[PDB]
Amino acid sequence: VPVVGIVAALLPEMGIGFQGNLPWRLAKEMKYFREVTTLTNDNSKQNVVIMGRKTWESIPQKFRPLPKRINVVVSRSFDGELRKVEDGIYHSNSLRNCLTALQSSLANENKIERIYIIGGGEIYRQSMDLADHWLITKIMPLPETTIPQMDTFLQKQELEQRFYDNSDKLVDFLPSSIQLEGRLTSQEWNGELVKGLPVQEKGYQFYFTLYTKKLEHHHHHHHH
């Protein structure tokens, strides 16, 4: 089961939140996030969404737990490494231990396709060492638009050490049933190269991107 971090960030600093909320409201960004985390290649499988305690608390109480997805809320105050508390809601007290629990094919019985880390920021930092892929929505304010104030940021440094821009394989990576508008485009913005599928809403133009783990040198395999 692949571990995939999914996030929406504003370039160049990659800001993700402000005072417990999203610094923007974009219908086409939500539509993408919902479909990616919901849809699967195996019709009898469901994905898992993992979030920190604070991210859970800001999701509209009408729309949580997130429908058609197994929800996992991680807080250090909780009891076990994975615990069912309500219908489709799981409580965990360790992000690392939670991942190991779902990955063991005894517990899941091969009914989980992907583990999406919907994150938080404290979770996102810990996800750099954990996630295989990253689905990053690179958002740019249009020439007239004002940059919104933000207090939570994605580690752009830790990301570009361990991951490369694999946006060429985005359509292949996303579930087959998903619908996409534009086509793969490269674009320079404030220095850096922005590559992905271009969408425009309100005063923002954003790109859906894919970041895969870089190739590892074979240093040591655990022999018995």
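Don't overthink the numbering: it's just position in the shown sequence, from 1.
- Annotation for 164-172 versus 177-185: the higher mean temperature factor (C-alpha) is found in 177-185.
- For the pair 102-110 and 72-80, the mean B factor over Cα atoms is greater in 102-110.
- Among the modelled residues of its chain, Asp87 has a C-alpha B-factor that falls in the highest third according to the deposited record.
- In the PDB entry, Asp132 places in the lowest third of its chain by CA B-factor.
- Residue-level temperature factors show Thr152 in the middle third of its chain, judged at the C-alpha atom.
- When all modelled residues of the chain are sorted by CA temperature factor, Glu192 is found within the highest third.
- Sort the chain's modelled residues by C-alpha temperature factor and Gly121 lands in the middle third, per the entry.
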